[PDB]
Amino acid sequence: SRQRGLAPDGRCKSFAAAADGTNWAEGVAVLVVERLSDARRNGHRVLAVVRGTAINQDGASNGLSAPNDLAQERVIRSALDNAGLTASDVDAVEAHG
Amino acid sequence: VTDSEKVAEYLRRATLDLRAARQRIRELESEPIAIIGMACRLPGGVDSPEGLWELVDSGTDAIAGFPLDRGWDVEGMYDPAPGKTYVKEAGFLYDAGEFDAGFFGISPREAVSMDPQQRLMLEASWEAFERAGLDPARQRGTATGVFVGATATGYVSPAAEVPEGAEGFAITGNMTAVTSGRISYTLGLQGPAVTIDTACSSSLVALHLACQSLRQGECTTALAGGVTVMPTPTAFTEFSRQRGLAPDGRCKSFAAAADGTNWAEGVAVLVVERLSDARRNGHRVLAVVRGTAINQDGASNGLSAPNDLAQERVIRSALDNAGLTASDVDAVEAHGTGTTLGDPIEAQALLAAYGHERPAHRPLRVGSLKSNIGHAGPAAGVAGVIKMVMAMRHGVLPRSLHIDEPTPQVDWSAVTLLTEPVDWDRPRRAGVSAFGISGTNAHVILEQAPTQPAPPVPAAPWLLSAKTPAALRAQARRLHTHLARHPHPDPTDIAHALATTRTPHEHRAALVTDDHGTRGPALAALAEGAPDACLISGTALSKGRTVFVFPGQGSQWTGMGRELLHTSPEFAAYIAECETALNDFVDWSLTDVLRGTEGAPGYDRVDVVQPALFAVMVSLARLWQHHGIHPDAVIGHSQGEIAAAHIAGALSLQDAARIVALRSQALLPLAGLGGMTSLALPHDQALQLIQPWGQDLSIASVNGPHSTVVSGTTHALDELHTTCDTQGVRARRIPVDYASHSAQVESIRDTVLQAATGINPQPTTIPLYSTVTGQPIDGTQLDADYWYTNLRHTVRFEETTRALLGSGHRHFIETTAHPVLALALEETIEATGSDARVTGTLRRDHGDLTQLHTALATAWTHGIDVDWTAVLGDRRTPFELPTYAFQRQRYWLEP
Amino acid sequence: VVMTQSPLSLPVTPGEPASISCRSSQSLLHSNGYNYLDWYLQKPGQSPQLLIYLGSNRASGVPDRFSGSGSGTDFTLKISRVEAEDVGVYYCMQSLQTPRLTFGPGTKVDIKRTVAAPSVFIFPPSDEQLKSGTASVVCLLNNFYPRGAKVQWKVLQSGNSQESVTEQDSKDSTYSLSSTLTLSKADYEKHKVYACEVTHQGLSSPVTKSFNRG
Amino acid sequence: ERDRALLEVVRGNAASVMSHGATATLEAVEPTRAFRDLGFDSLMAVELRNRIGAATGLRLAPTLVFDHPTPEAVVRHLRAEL
Amino acid sequence: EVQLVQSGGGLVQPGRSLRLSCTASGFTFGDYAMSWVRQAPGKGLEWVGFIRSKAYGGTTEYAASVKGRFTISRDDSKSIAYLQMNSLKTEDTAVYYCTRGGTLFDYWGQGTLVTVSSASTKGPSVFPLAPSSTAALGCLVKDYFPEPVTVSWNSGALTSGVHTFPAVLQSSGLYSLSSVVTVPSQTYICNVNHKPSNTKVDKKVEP
Ligand SMILES: *P(=O)(O)OCC(C)(C)[C@@H](O)C(=O)NCCC(=O)NCCS
């Protein structure tokens, strides 16, 4: 609240014209992941498959807390390249928001 | 062609591609990583890895009493039960609160609110980059990873209503993720910044993750490190309830007197990259991490208990990852906590894993850094690898302290402890273990780095720089001390290392001398700040456009350019080009005039001095450009403008040579009719002073606000000289027999129009400032009438310099053989209240490479970027310079 | 004799894959179960380089996006990702029959864009060259795509015209053509009108431009 | 004389915000050094905004530390709308 | 790392001998069969010839158009391939490429531009092209044998709309390119700089 980085109403209005901050929340979320070949060999019901992934760093952004646009698009492109896909092959995106 | 020979080429292509793919697999899984740099701060006064080596080799015990400035109730919290501890000494960084907030841009507010883990880790990372031969400021934008093994030891205490002072920064200043994030934010790194929480194994796990990231191409270089600080003594109190800490505080590693484990602070970081990348980039390789492994125990007798099976498994996995047999390594940096429970299990694991088939005369030598400094915690493994790295570098395994006898809990009868130091066919290899309390066992294997000239440039500048003058003095003193303990280092290598592998900070200084007897005293005088002959100092400007200045006559002296002709090949080539251009329009050669060959004309003649001045100035300006100082503007003065017109690109070399030669030849008949006199007065005062003489005299050039040259007939010139002597005005007669910039030139006017005939002006590539018009002039306008006006109309150097300063230009480099306009330029600069700095290239009786490098160093000290690669070389032998001399201040949170 | 043919040109864009197909006049599948075919790339200004050999086996150092496929007579080179660096001439070249007289016309690959009609501009012959003793007339086309527009001179001379084509532009990927027709002084002063007729797939009609000085 | 006084006020406020409590850093704010180079965040940015607005009695934008990164630029901006 | 570096080009009048050397460094030169493949300006690739490895016998084969006139040899000791071009014809102008492998050209050299013609060095003859009467104007360079020749509009001031077409060889053996600019419906000068003749011709284009 000192940084004024929270929503006064508490709702996490993502990508909205009336968005005015974020809000924290508790939660645990875990995935049991395996190689696709191993999963098929063992016969486990594959719920989905992560094809490619990538991580990078903002670098000398406007601040330690603030994000970096170039780094964001760079990690998106790196994830696509690792996946072996192009931008047109993705239907939706679970934005951080 | 036959079918057999046809399919043979296809088979060759196929098998070559097969070999390429197999090599790709090999370098994509089992790639040796190179430790190109390191930096540690561990208890016992250790500040550098060399400090660590001299500490551990000497056998020093770096355990001392608890700190008193941290607010601990040290007299009260000692009791050899309910909430007290029975240990009064451990390894501490008493300067843990010391941090250079200003250097990294951090505020004192953020610094005191920030965890000392981050504060230590930033400086450690900067020093690790510096010790790798890399400039951290040049690492901005690179895909460099950051992998830190840290933990939330608790400095702001989030569970206790965080203090008012550290309000707002207790997230950014204390999240363990921000410990890795802040390194990349400050240094501008782009690779992932991941912090790892694994208790007493986090740093070696971070090294493992950095190795995997580099092997996959996600990073070019990586920072693998760890940090441990103790804001509160709780780690002693909680571990005192169970008899885990030693009663005296000594980690008796693997000894019969093992009775506990004392904790310790410390930060330790490595800068690493792929071995092939290190070889390609020409970085010095300290050691080679061949393989790594990490696993768990899981089924341990209690959560916080060890397991010999898991330790054996991770050791074997690390050996297999590196593709090395167990007998390959001849040393292990065991964890060696000192606990009665932990030591026998670790010794049994090492004996089962490593020593099972070794020769009967090369036992595995086991030691531990914890015996010297105590249990570092997160930063244990990344300090142990530093210890093994320096052990391999110096070829001697240091002794492990406090081993009165090997512990009887394990059957040694293969593996032996390092009771005393031992010295060292095949490369040296050594293992390091970082077994944790959460069950995450880790292990790395390091190997000795594989075995890896140019002529020395004379008068190589030694460059130093720092954020503040005190930091600059500290840098000079540190460099002097480092050079004192070195057997005759190569000065050119030191110059290259200082120029390339160190950031150019604001406050700069330079040492330019061609003898190895004055550099030491110069470094000293820099240390205490006294002046010296071969010493230059200054404050570099953040921004400013560069100017080349081309005065007219006066900047001549016999022998100018003679030394440069032999020493400098680029200057020789430019003089040769000027000579070839000039040959057709004159009856002698430039090289003979400059070298003083017998029978060649002297500089007394007007027609030979001006072409010589033009050629020397053009060659010097082109040499400046060759050294990387590309001008943002050019300005001239009478004939010098012609040279400027060449550098701006408006006039080709042939056209400029034609103009200067024919103009001087047409000026020859004016000799003896009149001359010039330089008097120091304002323009208006000189103008109204010349009023009685009328058309006889005229204002030849307004050099500055109190420096004007008046040209005219010899009789009138002498009359004005007598009048000035009566009036007490410092009037000086220039050595010239010709009254340029006066009415007399009209007598030769048509001939001047013949001088510039046939030229082909072009638009200026670099903005040229005409001293006649007083503002920038289009390049195509340089016609014959313009040159006649230049010879006739008064020079307005002061006005155009004021305008050029108004356009944001701040550096004025005179490309002369001796500065002649520096006084007027500085007078104008101080008159207009600007911060521009004037420089010259050569000086009277000074035209060798030493003076050239002095001018270059002065320009660099003023803040002009200089391509030191051209001056010094593309690549010299690496030199280990001292790291930055941080000016630290205490930053700690009070209750 | 074996003959191989591919499309003359195939415009492409970065953003969608492509496939350069080509067919032989004979079953290239050798008795050892290998299609003795190779695929080479020649970039503008660089030497030719190998891409594929024996139909599908990719050469080391080639990007993985390239992939050869097919058998018998019909073969294809599929590119998943199209890049500006990959623009050039692609030659599918057999090796079952030797010696190979020539590679063939190849298959030009260029950046695809919206169709644009050419800007026709017939220029006059300057009098200075007329007194020099030679006549030359130049027809200009600028900002048109794709290449291959055919220009003819009606005076219907077809033995004195020489054409020059600019390479694909870096900015807007346009093309330009310049066709010069040369004639002698006596030959020049025989007909009082000369027309340039240009045909292009982007042109609705053959927009002619005439010039009547003689 | 107004520009010097405004620069002094800006330097004093920036030093006070930059320090946790209680001279060395007062001179560390030279007119040329960028505020971001001094390590200023959104929190200290809004604190400088409030302090400068209270001193000058003027409502400023909440990013008057990076739109005009140098203190001299801030002085110019203040002198503009005043 | 495999490297092939060619040399021995240069201008040659027709009907004399010439040598093209191509040095190999980074592989066993002896085992490979070694090929030369030419490419005329504007035309497709055209194989010239090749030589088998010394183990196979070292024999040579050549394209149908180069029987006898052309010869291939190899210095295996220092690993260079030599193309001896005897009695050059006017149509042999091309960019000769040096390649490894008789049947599979896995790697190619940088290529040596060998140009052959009877024309000697001339200077350019620049002619104008008046604007039509959305506006285009140009100057045509004519009668220059050697290459390259540069054209700059307003001494390089004009860059937008400039289309310097490639040079074309006339039946007389003289090259003639042409520079044109599409102006938007002040003075327009073009400068033709020809280094082999040291010519710096300038010309205005006006209706
Ligand atoms: P200022 O811009 O430095 O701080 C204001 C802020 C607290 C709103 C800012 O730090 C911020 O939150 N930027 C966005 C960060 C983000 O979107 N995700 C990071 C994880 S919440």
# chains A, B, ... in the order shown; residues from 1 in each chain; ligands from 1
$ residues_near_ligand --ligand "ligand 1" --cutoff "7 Å" --atoms "only C-alpha atoms and all ligand atoms" --output "list in words"
residues 3, 4, 5, 63, 65, 66 and 67 of chain A; 41, 42 and 43 of chain D
$ residues_around --residues "segment 43-47 of chain E" --least-positions-apart "2" --cutoff "10 Å" --atoms "only C-alpha atoms" --output "count of residues only"
28
$ interface_residues --of "chain C" --to "chain A" --cutoff "9 Å" --atoms "only C-alpha atoms" --output "number ranges by chain"
C: 15-16, 81
$ write_last_selection --atoms "N, CA, C and O atoms" --output "compact mmCIF listing (two decimals), in the first residue's frame"
# COMPACT_ATOMS: atom_id res chain seq x y z
N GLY C 15 6.34 -15.48 -42.19
CA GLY C 15 5.09 -15.58 -41.47
C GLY C 15 4.25 -16.78 -41.85
O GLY C 15 3.23 -17.06 -41.21
N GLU C 16 4.65 -17.51 -42.90
CA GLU C 16 3.88 -18.66 -43.37
C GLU C 16 4.82 -19.57 -44.14
O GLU C 16 5.68 -19.06 -44.87
N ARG C 81 9.80 -22.13 -41.70
CA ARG C 81 9.91 -20.71 -41.38
C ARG C 81 10.67 -20.02 -42.50
O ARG C 81 11.80 -20.41 -42.82
$ residues_around --residues "residue 139 of chain C" --least-positions-apart "5" --cutoff "9 Å" --atoms "only C-alpha atoms" --output "list in words"
residues 120, 121, 122, 123, 151, 177, 178, 179, 180, 181, 196 and 209 of chain C
$ closest_residue --among "A:92, A:58, A:81, A:43" --to "residue 64 of chain C" --atoms "only C-alpha atoms"
A:81
$ closest_atom_pairs --of "chain B" --to "chain E" --cutoff "8 Å" --atoms "only C-alpha atoms" --output "Markdown table"
| residue | atom | partner | partner_atom | distance |
| --- | --- | --- | --- | --- |
| B:6 | CA | E:103 | CA | 6.2 |
| B:9 | CA | E:101 | CA | 6.5 |
| B:10 | CA | E:104 | CA | 7.1 |
| B:13 | CA | E:106 | CA | 7.5 |
| B:762 | CA | E:155 | CA | 6.8 |
| B:763 | CA | E:155 | CA | 7.7 |
$ write_last_selection --atoms "N, CA, C and O atoms" --output "JSON list (two decimals), in the first residue's frame"
[["chain", "number", "residue", "atom", "x", "y", "z"],
["B", 6, "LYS", "N", 30.52, -42.29, -56.90],
["B", 6, "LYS", "CA", 29.40, -41.38, -56.68],
["B", 6, "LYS", "C", 28.82, -41.55, -55.29],
["B", 6, "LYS", "O", 28.61, -40.57, -54.57],
["B", 9, "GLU", "N", 31.02, -40.16, -52.13],
["B", 9, "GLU", "CA", 30.91, -38.79, -51.65],
["B", 9, "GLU", "C", 29.69, -38.62, -50.76],
["B", 9, "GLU", "O", 29.74, -37.89, -49.77],
["B", 10, "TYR", "N", 28.59, -39.30, -51.10],
["B", 10, "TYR", "CA", 27.42, -39.26, -50.23],
["B", 10, "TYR", "C", 27.72, -39.89, -48.88],
["B", 10, "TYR", "O", 27.29, -39.38, -47.84],
["B", 13, "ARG", "N", 29.75, -37.34, -46.90],
["B", 13, "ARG", "CA", 28.87, -36.30, -46.36],
["B", 13, "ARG", "C", 28.08, -36.83, -45.17],
["B", 13, "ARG", "O", 27.96, -36.15, -44.14],
["B", 762, "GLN", "N", 32.06, 19.68, -52.81],
["B", 762, "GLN", "CA", 31.03, 18.71, -52.48],
["B", 762, "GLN", "C", 30.42, 19.08, -51.13],
["B", 762, "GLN", "O", 31.03, 19.81, -50.35],
["B", 763, "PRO", "N", 29.21, 18.60, -50.83],
["B", 763, "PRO", "CA", 28.62, 18.88, -49.52],
["B", 763, "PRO", "C", 29.43, 18.24, -48.40],
["B", 763, "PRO", "O", 30.07, 17.20, -48.57]]
$ residues_around --residues "residue 72 of chain A" --least-positions-apart "4" --cutoff "10 Å" --atoms "only C-alpha atoms" --output "list in words"
residues 55, 56, 57, 58, 67, 68, 76, 77 and 78 of chain A
$ atom_distance --atom1 "atom CA of residue 451 of chain B" --atom2 "atom CA of residue 357 of chain B"
29.2 Å
$ residues_around --residues "residue 13 of chain A" --least-positions-apart "6" --cutoff "10 Å" --atoms "only C-alpha atoms" --output "MDAnalysis selection string"
chainID A and resid 7 19:23 97
$ write_last_selection --atoms "N, CA, C and O atoms" --output "PDB file, in the first residue's frame"
ATOM      1  N   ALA A   7      -5.228  -2.693  -5.609  1.00  0.00           N
ATOM      2  CA  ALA A   7      -6.531  -2.180  -6.008  1.00  0.00           C
ATOM      3  C   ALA A   7      -7.297  -1.706  -4.774  1.00  0.00           C
ATOM      4  O   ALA A   7      -7.424  -2.470  -3.812  1.00  0.00           O
ATOM      5  N   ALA A  19      -8.884  -0.673 -14.431  1.00  0.00           N
ATOM      6  CA  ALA A  19      -7.883  -1.311 -13.587  1.00  0.00           C
ATOM      7  C   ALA A  19      -7.047  -0.259 -12.871  1.00  0.00           C
ATOM      8  O   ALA A  19      -6.616   0.726 -13.477  1.00  0.00           O
ATOM      9  N   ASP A  20      -6.826  -0.473 -11.568  1.00  0.00           N
ATOM     10  CA  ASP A  20      -6.091   0.483 -10.747  1.00  0.00           C
ATOM     11  C   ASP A  20      -5.150  -0.205  -9.759  1.00  0.00           C
ATOM     12  O   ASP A  20      -4.755   0.415  -8.763  1.00  0.00           O
ATOM     13  N   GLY A  21      -4.771  -1.448 -10.007  1.00  0.00           N
ATOM     14  CA  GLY A  21      -3.836  -2.144  -9.151  1.00  0.00           C
ATOM     15  C   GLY A  21      -4.075  -3.639  -9.206  1.00  0.00           C
ATOM     16  O   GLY A  21      -4.848  -4.133 -10.021  1.00  0.00           O
ATOM     17  N   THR A  22      -3.387  -4.342  -8.316  1.00  0.00           N
ATOM     18  CA  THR A  22      -3.485  -5.788  -8.165  1.00  0.00           C
ATOM     19  C   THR A  22      -3.996  -6.109  -6.762  1.00  0.00           C
ATOM     20  O   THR A  22      -4.393  -5.222  -6.002  1.00  0.00           O
ATOM     21  N   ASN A  23      -3.996  -7.396  -6.430  1.00  0.00           N
ATOM     22  CA  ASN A  23      -4.341  -7.835  -5.087  1.00  0.00           C
ATOM     23  C   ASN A  23      -3.750  -9.217  -4.868  1.00  0.00           C
ATOM     24  O   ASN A  23      -3.768 -10.054  -5.772  1.00  0.00           O
ATOM     25  N   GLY A  97      -1.308 -10.642 -16.206  1.00  0.00           N
ATOM     26  CA  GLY A  97      -2.447  -9.778 -15.942  1.00  0.00           C
ATOM     27  C   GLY A  97      -2.715  -9.433 -14.492  1.00  0.00           C
ATOM     28  O   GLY A  97      -3.753  -9.818 -13.946  1.00  0.00           O
TER      29      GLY A  97
END
$ closest_residue --among "E:127, E:135, E:153, E:159" --to "residue 183 of chain E" --atoms "only C-alpha atoms"
E:135
$ closest_atom_pairs --of "chain B" --to "chain D" --cutoff "12 Å" --atoms "only C-alpha atoms" --output "tab-separated table"
residue	atom	partner	partner_atom	distance
B:101	CA	D:38	CA	9.3
B:102	CA	D:38	CA	7.3
B:103	CA	D:38	CA	9.3
B:104	CA	D:39	CA	8.3
B:105	CA	D:38	CA	4.7
B:106	CA	D:39	CA	5.0
B:107	CA	D:18	CA	5.7
B:108	CA	D:19	CA	5.4
B:109	CA	D:20	CA	4.4
B:110	CA	D:20	CA	8.1
B:111	CA	D:20	CA	9.1
B:112	CA	D:20	CA	7.6
B:113	CA	D:20	CA	8.6
B:114	CA	D:20	CA	11.7
B:163	CA	D:20	CA	11.8
B:164	CA	D:20	CA	9.9
B:165	CA	D:20	CA	6.4
B:166	CA	D:20	CA	8.2
B:167	CA	D:43	CA	10.2
B:168	CA	D:43	CA	7.5
B:169	CA	D:43	CA	9.1
B:172	CA	D:41	CA	10.7
B:182	CA	D:39	CA	11.8
B:185	CA	D:39	CA	11.3
B:186	CA	D:39	CA	9.8
B:467	CA	D:28	CA	11.1
B:468	CA	D:28	CA	10.1
B:506	CA	D:33	CA	11.1
B:541	CA	D:32	CA	10.0
B:542	CA	D:32	CA	8.4
B:543	CA	D:32	CA	10.2
B:889	CA	D:24	CA	10.6
B:891	CA	D:20	CA	10.0
B:892	CA	D:20	CA	10.7
B:893	CA	D:20	CA	10.0
B:894	CA	D:20	CA	11.3
$ residues_around --residues "segment 48-63 of chain B" --least-positions-apart "6" --cutoff "10 Å" --atoms "only C-alpha atoms" --output "ChimeraX atom specification"
/B:37-42,88-92,124,127-128,131,248-250,262,264,268,369-374,383,386-391,394,396-402,420-421,882-883
$ interface_residues --of "chain B" --to "chain A" --cutoff "6 Å" --atoms "only C-alpha atoms" --output "ChimeraX atom specification"
/B:168,184-185,188-192
$ write_last_selection --atoms "C-alpha atoms" --output "PDB file, in the first residue's frame"
ATOM      1  CA  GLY B 168       8.298   0.090   1.675  1.00  0.00           C
ATOM      2  CA  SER B 184      20.965  -8.387 -13.120  1.00  0.00           C
ATOM      3  CA  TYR B 185      19.040  -5.147 -12.600  1.00  0.00           C
ATOM      4  CA  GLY B 188      21.725  -4.914 -16.860  1.00  0.00           C
ATOM      5  CA  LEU B 189      22.077  -8.658 -17.396  1.00  0.00           C
ATOM      6  CA  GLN B 190      19.450 -10.434 -19.507  1.00  0.00           C
ATOM      7  CA  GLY B 191      19.830 -14.099 -18.552  1.00  0.00           C
ATOM      8  CA  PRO B 192      17.544 -15.545 -15.878  1.00  0.00           C
TER       9      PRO B 192
END
$ select_by_dssp --residues "chain D" --states "helix (DSSP H, G or I)" --output "mmCIF file with C-alpha atoms, in the first residue's frame"
data_model
loop_
_atom_site.group_PDB
_atom_site.id
_atom_site.type_symbol
_atom_site.label_atom_id
_atom_site.label_comp_id
_atom_site.auth_asym_id
_atom_site.auth_seq_id
_atom_site.Cartn_x
_atom_site.Cartn_y
_atom_site.Cartn_z
ATOM 1 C CA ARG D 2 15.472 31.942 -8.468
ATOM 2 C CA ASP D 3 17.005 28.974 -10.302
ATOM 3 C CA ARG D 4 19.742 28.554 -7.687
ATOM 4 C CA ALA D 5 17.216 28.613 -4.835
ATOM 5 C CA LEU D 6 14.955 26.098 -6.583
ATOM 6 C CA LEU D 7 17.938 23.828 -7.238
ATOM 7 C CA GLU D 8 18.898 24.089 -3.564
ATOM 8 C CA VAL D 9 15.361 23.163 -2.486
ATOM 9 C CA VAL D 10 15.251 20.198 -4.875
ATOM 10 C CA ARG D 11 18.677 19.010 -3.705
ATOM 11 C CA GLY D 12 17.667 19.276 -0.055
ATOM 12 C CA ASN D 13 14.415 17.383 -0.550
ATOM 13 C CA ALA D 14 16.111 14.699 -2.652
ATOM 14 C CA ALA D 15 18.841 14.252 -0.039
ATOM 15 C CA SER D 16 16.294 14.052 2.789
ATOM 16 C CA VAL D 17 14.255 11.414 0.952
ATOM 17 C CA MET D 18 17.418 9.569 -0.073
ATOM 18 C CA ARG D 36 17.451 6.987 -11.559
ATOM 19 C CA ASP D 37 21.247 6.787 -11.354
ATOM 20 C CA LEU D 38 20.781 7.789 -7.696
ATOM 21 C CA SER D 42 8.130 4.869 -7.447
ATOM 22 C CA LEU D 43 7.892 5.334 -3.672
ATOM 23 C CA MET D 44 10.656 7.921 -3.393
ATOM 24 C CA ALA D 45 9.395 9.442 -6.649
ATOM 25 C CA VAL D 46 5.977 10.143 -5.136
ATOM 26 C CA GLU D 47 7.618 11.351 -1.914
ATOM 27 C CA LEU D 48 9.650 13.904 -3.882
ATOM 28 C CA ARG D 49 6.467 14.832 -5.751
ATOM 29 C CA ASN D 50 4.607 15.519 -2.500
ATOM 30 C CA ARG D 51 7.518 17.395 -0.916
ATOM 31 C CA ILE D 52 8.142 19.601 -3.953
ATOM 32 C CA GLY D 53 4.426 20.278 -4.368
ATOM 33 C CA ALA D 54 4.101 21.263 -0.715
ATOM 34 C CA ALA D 55 7.158 23.516 -0.984
ATOM 35 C CA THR D 56 5.925 25.180 -4.194
ATOM 36 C CA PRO D 71 17.721 17.750 -10.932
ATOM 37 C CA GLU D 72 18.448 20.667 -13.270
ATOM 38 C CA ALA D 73 15.707 19.411 -15.590
ATOM 39 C CA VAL D 74 13.364 19.351 -12.591
ATOM 40 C CA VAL D 75 14.337 22.953 -11.809
ATOM 41 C CA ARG D 76 13.601 23.930 -15.412
ATOM 42 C CA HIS D 77 10.224 22.176 -15.252
ATOM 43 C CA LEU D 78 9.331 23.918 -11.985
ATOM 44 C CA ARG D 79 10.401 27.313 -13.330
ATOM 45 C CA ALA D 80 8.285 26.725 -16.447
#
$ atom_distance --atom1 "atom CA of residue 864 of chain B" --atom2 "atom CA of residue 512 of chain B"
16.8 Å
$ interface_residues --of "chain B" --to "chain C" --cutoff "9 Å" --atoms "only C-alpha atoms" --output "MDAnalysis selection string"
chainID B and resid 1:3 6 10 13:14 16:18 20:21
$ write_last_selection --atoms "N, CA and C atoms" --output "short mmCIF file (atom, residue, chain, number, x, y, z; two decimals), in the first residue's frame"
data_model
loop_
_atom_site.label_atom_id
_atom_site.label_comp_id
_atom_site.auth_asym_id
_atom_site.auth_seq_id
_atom_site.Cartn_x
_atom_site.Cartn_y
_atom_site.Cartn_z
N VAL B 1 30.70 -40.79 -64.28
CA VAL B 1 31.40 -41.33 -63.11
C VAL B 1 30.80 -42.67 -62.71
N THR B 2 31.62 -43.52 -62.11
CA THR B 2 31.14 -44.81 -61.64
C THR B 2 30.17 -44.63 -60.48
N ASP B 3 29.37 -45.67 -60.23
CA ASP B 3 28.43 -45.61 -59.13
C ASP B 3 29.15 -45.62 -57.79
N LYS B 6 30.52 -42.29 -56.90
CA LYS B 6 29.40 -41.38 -56.68
C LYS B 6 28.82 -41.55 -55.29
N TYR B 10 28.59 -39.30 -51.10
CA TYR B 10 27.42 -39.26 -50.23
C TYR B 10 27.72 -39.89 -48.88
N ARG B 13 29.75 -37.34 -46.90
CA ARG B 13 28.87 -36.30 -46.36
C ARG B 13 28.08 -36.83 -45.17
N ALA B 14 27.55 -38.05 -45.29
CA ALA B 14 26.73 -38.61 -44.23
C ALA B 14 27.53 -38.82 -42.95
N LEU B 16 30.38 -37.34 -42.09
CA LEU B 16 30.77 -36.05 -41.53
C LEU B 16 29.61 -35.42 -40.75
N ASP B 17 28.40 -35.48 -41.30
CA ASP B 17 27.24 -34.96 -40.58
C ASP B 17 26.98 -35.75 -39.31
N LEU B 18 27.20 -37.07 -39.37
CA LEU B 18 27.05 -37.90 -38.17
C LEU B 18 28.02 -37.46 -37.09
N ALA B 20 29.38 -34.53 -36.77
CA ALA B 20 28.96 -33.21 -36.29
C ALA B 20 27.81 -33.33 -35.30
N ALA B 21 26.83 -34.18 -35.59
CA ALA B 21 25.69 -34.34 -34.68
C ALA B 21 26.12 -34.98 -33.37
#
$ residues_around --residues "residue 195 of chain C" --least-positions-apart "4" --cutoff "6 Å" --atoms "only C-alpha atoms" --output "PyMOL selection string"
chain C and resi 153-154+209-210
